[PDB]
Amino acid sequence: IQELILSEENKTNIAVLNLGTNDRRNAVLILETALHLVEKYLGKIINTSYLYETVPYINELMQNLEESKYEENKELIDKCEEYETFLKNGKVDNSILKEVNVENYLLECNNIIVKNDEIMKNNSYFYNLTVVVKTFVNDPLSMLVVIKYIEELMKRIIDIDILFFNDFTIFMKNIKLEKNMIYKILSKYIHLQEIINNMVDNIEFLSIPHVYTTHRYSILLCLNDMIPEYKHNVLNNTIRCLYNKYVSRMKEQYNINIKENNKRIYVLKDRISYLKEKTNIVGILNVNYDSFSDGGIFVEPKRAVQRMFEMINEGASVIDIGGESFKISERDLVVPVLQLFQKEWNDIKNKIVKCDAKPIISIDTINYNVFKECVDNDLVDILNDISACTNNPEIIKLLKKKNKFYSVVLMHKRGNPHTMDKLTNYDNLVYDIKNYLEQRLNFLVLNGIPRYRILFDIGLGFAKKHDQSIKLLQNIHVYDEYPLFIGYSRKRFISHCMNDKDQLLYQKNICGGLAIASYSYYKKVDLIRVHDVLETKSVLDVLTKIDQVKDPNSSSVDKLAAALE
């Protein structure tokens, strides 16, 4: 019924979308622009999967955008009933579109694939990300209209499909839309010309669940991040069970490991990172230590920015700056130093020789006010929050802006520098800490921090005995699935693992450090937060070389050649 598609009785529905692009260079910019528009025109993003590389400007737009009929709020949430109900297949309001039969849907899907399987033989990088939206849109077909519009607004390849919509089984085998009925639907949610034309024909049909849902690997891979337990009448088994079957079966039958050519992405600034493919160095700039070790009482902002440069040319991708330490204010330590850096940089950016050399800037803070000022003056790109956004969750709201997002590091601790040493009792150390972080992430994701921008840090030496810091290292494979940031540098636990008497122990500690760096390298930790950037980079370089083999067959081939001589 066309009349209740336009009726302004606003509804709350659960949609799950696929979002893809081809443009490797700017997948992060493309998909994050989609993402922000999805958050604008459809509802609130309440889940996301990792970004994946898979195998089968707009800065002008972001100012000239029309408003929406519905108000957004950055406000934090704890749960979601709508969502809770989506996952178990509890009762929801009836489909205001025609539901095709259960057993009818099966054969219907086939013909759209097998026919497309022929259009194929007329005849290469995909970048996938799935989302969940709490939608004020009232029906899939309406949303598709808006999705098509969003698609169109971004053109001068950005496919945004729709994978599910409540528990509905829908096929509309052949529809065309009124060149005008679109205007009505669009004006329903948006405040409005030259675009609608190219739209009208681009909505040839509609399948919920989307056709390729369980045939495309890239979609299972993504859906498994977000909603593993979810079942649907439409499919035999739960999304995790199907995903697993696709893996095992791809191995038994075709002798391929599918995970190799389909990679997980985490994002530090604006660029793609292949989970587990590198160990990045993070250089510690502690303004307290740098300033008050002379025994001196003054900040030396010029000194600090120099140390910042030292660090960059010593091979650190990320610099992590901190005002807290373990009568002058945190902010007054950090912001001026971040300020002098930003300037000093742009006064050598003229030489575009250092333009793709610019280091990522991470602020170690639990303070909202400090973070706000930093973001507001484009001074940082990552929040490093040792309280896991526990000291003040509101800080999460500062991790998303008009278009752009910021990546966060979440660390586990108990208590504080003075109290933590005795807060050492765990039921199950490794798993408690893992579960802790998995949960902070869930919370960030529920609030539409994109899953692929959150990094775990086990917090070595925070509320952990030296034996515990070791145990956490021994079991680091538990973070095999996740971006992992760690910080062993200079901590006392290193020394404890060892059989003028006070200067030896700093060498022993820095050198013992370099061991954990090696271990980190082989365990494929994602970032390590270090003081001794040159020493670390050296170690890492030698280890990388030893690993870069020219021919991966050569040792057997060569072995045989010897045996025949």
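In case it trips you up, residue 1 is the first one in the sequence shown, and so on.
Engineer: Between residue 123 and residue 124, determine how many residues of the deposited chain lack coordinates; answer none if the chain runs continuously, otherwise 1 to 3, 4 to 9, or 10 or more.
Structural biologist: 10 or more residues lack coordinates between residue 123 and residue 124.
Engineer: Our gap detector needs a label for residue 192 to residue 193. Which class matches the unmodelled residues of the deposited sequence there: none, 1 to 3, 4 to 9, or 10 or more?
Structural biologist: The entry has 10 or more unmodelled residues between residue 192 and residue 193.
Engineer: Would you mind comparing 386-394 and 130-138 for me and telling me which has the higher average C-alpha temperature factor in the entry?
Structural biologist: It is 130-138.
Engineer: Which of the two stretches, 511-519 or 34-42, shows the higher mean Cα temperature factor in the record?
Structural biologist: Looking at the record's C-alpha B-factors, the answer is 34-42.
Engineer: Among 467, 314, 481, 151, where is the Cα temperature factor highest, going by the PDB entry?
Structural biologist: Of the candidates given, the C-alpha B-factor peaks at 151.
Engineer: When you compare the CA B-factors of 307, 358, 179, 271 as listed in the entry, which one comes out on top?
Structural biologist: By C-alpha B-factor in the record, 179 ranks first.
Engineer: Hey, what third does residue 412 fall into on Cα B-factor, ranked over its chain?
Structural biologist: As the PDB entry reports it, the C-alpha B-factor of residue 412 lands in the lowest third of its chain.
Engineer: Going by what the PDB entry lists, where does residue 422 fall on CA B-factor within its chain: lowest, middle or highest third?
Structural biologist: Ranked within chain, residue 422 CA B lands in the middle tercile.
Engineer: Which third, lowest, middle or highest, does the CA B-factor of residue 501 fall in along this chain?
Structural biologist: Tercile = highest for this residue's CA B-factor.
Engineer: Compared with the other modelled residues in the chain, in which third is the CA B-factor of residue 453?
Structural biologist: Residue 453: CA B-factor falls in the lowest third of its chain.
Engineer: Taking only the Cα B-factors deposited for this chain, tell me whether residue 277 sits in the lowest, middle or highest third.
Structural biologist: Bottom third by C-alpha B-factor.
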